[PDB]
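One chain follows as structure tokens, the form deposited in one PDB entry.
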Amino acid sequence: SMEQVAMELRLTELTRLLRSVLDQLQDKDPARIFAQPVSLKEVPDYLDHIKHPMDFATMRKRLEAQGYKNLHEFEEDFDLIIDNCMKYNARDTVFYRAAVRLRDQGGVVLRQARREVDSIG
């Protein structure tokens, strides 16, 4: 149907906007601490601590399959990156501190993203 195509175009355009958001948030992680999944070879106990691991590469795979239906779903995955790190790692660590800085800098980007998603529909 033509309605299904229109909905598909809206999803494609959201995917475009989320790709630009993802690029902007990942620039706030210049150390690349959040770029890839925590390695279970290198942190064998990880899944005992963290039940829903997340990272920027995993988000990009979902994004490219158009697997985010709305901005809330995308934000959920970004918050998992931050929140997972802030539980597993202690306050005095470069990992924890990187997550704080990513959260703080990312909030700015996300605030305008929300306006754009509502504005453009």
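Heads up: residue numbers just count along the shown sequence, starting at 1.
As for the form solved in complex with a small molecule, it is not shown, yet the points below apply to it.
Contact between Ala57 and the small molecule in the bound PDB entry is not found at the 4.5 Å heavy atom cutoff.
The small molecule is not shown here, but in the bound PDB entry it comes within 4.5 Å of a heavy atom of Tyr88. Remark: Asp48 does not count among the residues lining the small molecule in the bound PDB entry, judged by a heavy atom distance of 4.5 Å or less. In the bound PDB entry, the small molecule lies within 4.5 Å of some heavy atom of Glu42.
Residues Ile33, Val38 and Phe95 are all found to lie within 4.5 Å of the small molecule in the bound PDB entry, as judged by heavy atom distances.
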